[PDB]
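Contents: one structure, followed by commentary.
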Amino acid sequence: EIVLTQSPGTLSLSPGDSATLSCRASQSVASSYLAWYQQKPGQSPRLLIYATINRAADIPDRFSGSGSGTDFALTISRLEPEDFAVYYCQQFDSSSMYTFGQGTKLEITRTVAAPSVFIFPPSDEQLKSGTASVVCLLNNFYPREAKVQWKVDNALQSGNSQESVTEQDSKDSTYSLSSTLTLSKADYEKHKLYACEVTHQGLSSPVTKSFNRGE
Amino acid sequence: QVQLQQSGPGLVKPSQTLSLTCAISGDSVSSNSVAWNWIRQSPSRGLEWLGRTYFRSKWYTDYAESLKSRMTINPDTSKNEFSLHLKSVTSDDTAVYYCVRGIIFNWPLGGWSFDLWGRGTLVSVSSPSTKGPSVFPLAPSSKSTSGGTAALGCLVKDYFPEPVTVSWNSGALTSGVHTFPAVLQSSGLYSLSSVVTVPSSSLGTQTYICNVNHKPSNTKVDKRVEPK
């Protein structure tokens, strides 16, 4: 019944900046019952602020809560890379017992970093089972935008690869990416040259890593 | 201090009942100054409070209005635990489930805050049976004098459902590890890679093992990754 609307949905700021995260309630919230949580990747939420303004034990002074009524805010002064997280507001009332806002994702901007690229042939163990996975790794880059192109004997591949990307590293704020090209064993043994070509803002020209089957 | 140990199946079939337990150490399930909650999280629905139980000279329970018919929370004082039972589950109940301590600091003037959260249990509401992964090495290749850094890893392929956990050298190798999100293949099985960068000079002397654990299938694999 009480809806909490957080804004902005995503915010990207540099270390040393200040962030203001807003939480707007659909009706008045008693100030003792408004809390804020921080959730870092792979972790459970952590209490940051309770009763609108009160820092939880051992939370740094850079985190501060404010507001009243319908409008609340979490301010983070002097951003650090480790503050990369999703921040949630939360309230309680007799009619709608506990509700959360949808979260604001605080991303960290850093200077451009080109990826380091590696290619991995399929293992002999896997070939024994009739399928071949070729993996291309893009390590520690920024920003997140990156294009990976697979070529087999210089023929561009389409439709036969999948990729996934890590969240920003809490220390150096980079991403890493893995792309897997999946072929049948028969198709894999029918070709020789396997190549991963990478395009990224931090590369003046694309980088290609390759190998020849049986070498 | 306080530990909240969660347990229960990671896979539940549609229409069946999803049960989880939270075993408390360092606090009392019947303490009259806290309350014991279940909260879940999904990418679509966000964080959703499900219910709570607490003792004030008798037991009380409160459930989210949308779930009041489908849910039950039961405390157990002899084992100092409390459990969640969610009936008639559908894929909308696929989520990470947390057990969570609620407290009112500076009561009676304060208000509720969720000050301790368990690690959380991913529950997938799906019909297929569990399947353990095959684990293949991602070998460092021709990277013995290629700048001093070698990348190696493990490909964790064809398992169901999520999650798998990957460590390196039984947790002794943590810096430089990236374990990527799984992707769902057209087969309906997941595939994931975990990589680490290491000094090229160490490849001859240092052993590197990825430890893969797939709890839903009781599968554990230790795979040594060696250079080509």
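Here is how names work: the chains are called A, B, and so on, in the same order as the sequence lines, proteins then strands, and each is numbered from 1.
With a threshold of 4.5 angstrom between heavy atoms, B:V225 does not approach chain A through any atom at all. For A:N54, no part lies near chain B; criterion is any non-hydrogen pair under 4.5 Å. In this structure, no portion of A:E167 lies under 4.5 Å from any heavy atom of chain B. Of the atoms belonging to B:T197, it is side-chain heavy atoms, and not backbone ones, that fall under 4.5 Å from chain A. Neither the backbone nor the side chain of A:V86 comes within contact range of chain B; no heavy atoms are under 4.5 Å apart. Interface remark: B:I39 contributes side-chain atoms only to the contact with chain A (heavy atom separation under 4.5 Å). Interface remark: B:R45 contributes no atoms to any contact with chain A (heavy atom separation under 4.5 Å). In this structure, no portion of A:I119 lies under 4.5 Å from any heavy atom of chain B. In this structure, the portions of B:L47 lying under 4.5 Å from any heavy atom of chain A include both its backbone and its side chain. B:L109 touches chain A through its backbone: at least one of N, CA, C or O sits under 4.5 Å from a heavy atom, while the side chain does not. Using a 4.5 Å cut-off between heavy atoms, A:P122 does not touch chain B at all. Heavy atoms of A:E163 lying under 4.5 Å from chain B belong exclusively to its backbone. Only the backbone of B:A139 comes within less than 4.5 Å of a heavy atom of chain A; no side-chain atom from C-beta onward does. Interface residue A:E125: backbone and side-chain heavy atoms are both found under 4.5 Å from chain B. Contact annotation for B:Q41: only side-chain heavy atoms (C-beta onward) come within less than 4.5 Å of a heavy atom of chain A. Looking at A:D124, there are no atoms closer than 4.5 Å to chain B (heavy atoms on both sides), in backbone or side chain. Contact annotation for B:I103: neither backbone nor side-chain heavy atoms come within less than 4.5 Å of a heavy atom of chain A.
For the 3.5 Å distance criterion, the side chains of B:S31 and B:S33 qualify, holding a donor opposite an acceptor. For the residue pair A:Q126 / A:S133, a side-chain donor-acceptor distance below 3.5 Å is found, with atom types taken as modelled. One side chain, B:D158 or B:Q185, offers a donor N or O that lies under 3.5 Å from an acceptor on the other. A donor and an acceptor atom, one from each side chain of B:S194 and B:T179, are located under 3.5 Å apart. In this structure, a donor-acceptor pair under 3.5 Å is absent between the side chains of B:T61 and B:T53.
Between chain B and the residues A:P45, A:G42, A:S129, A:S178, the most heavy-atom pairs under 4.5 angstrom are made by A:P45. Ranked by heavy-atom pairs shorter than 4.5 Å toward chain A, the options B:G147, B:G102, B:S113 are led by B:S113. For chain A, the option among B:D115, B:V195, B:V183 with the highest count of heavy-atom pairs below 4.5 Å is B:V183. Between chain A and the residues B:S141, B:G120, B:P137, the largest count of heavy-atom pairs under 4.5 Å involves B:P137. Listed options A:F100, A:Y98, A:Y50, A:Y33 were ranked by heavy-atom pairs under 4.5 angstrom with chain B; first place goes to A:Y98.
Panel note: side chain A:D153, backbone A:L193; a donor-acceptor pair is recorded below 3.5 Å. A:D169 places no side-chain N or O within 3.5 Å of a backbone atom of A:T174 that could act as its donor or acceptor partner. The main-chain N or O of B:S25 is never found under 3.5 Å from a side-chain atom of B:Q3 such that the two would form a donor-acceptor pair.
Within the 4.5 Å cutoff, the side chain of A:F118 has no heavy atoms near those of the A:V135 side chain.
Annotation: the span from A:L203 atom CG to A:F141 atom CZ amounts to 10.5 Å, rounded to 0.5 Å.
Ring geometry for A:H191 against A:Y194 counts as perpendicular: the plane angle is over 60°, on a 0 to 90° scale with 30° as the lower cut.
Just one of B:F82, B:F114, B:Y98 meets the ring pair (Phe, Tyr, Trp, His ring centres under 6.0 Å) condition when paired with B:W38; it is B:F82.
Side-chain rings of A:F120 and A:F211 stay apart, their centers remaining 6.0 Å or farther from each other.
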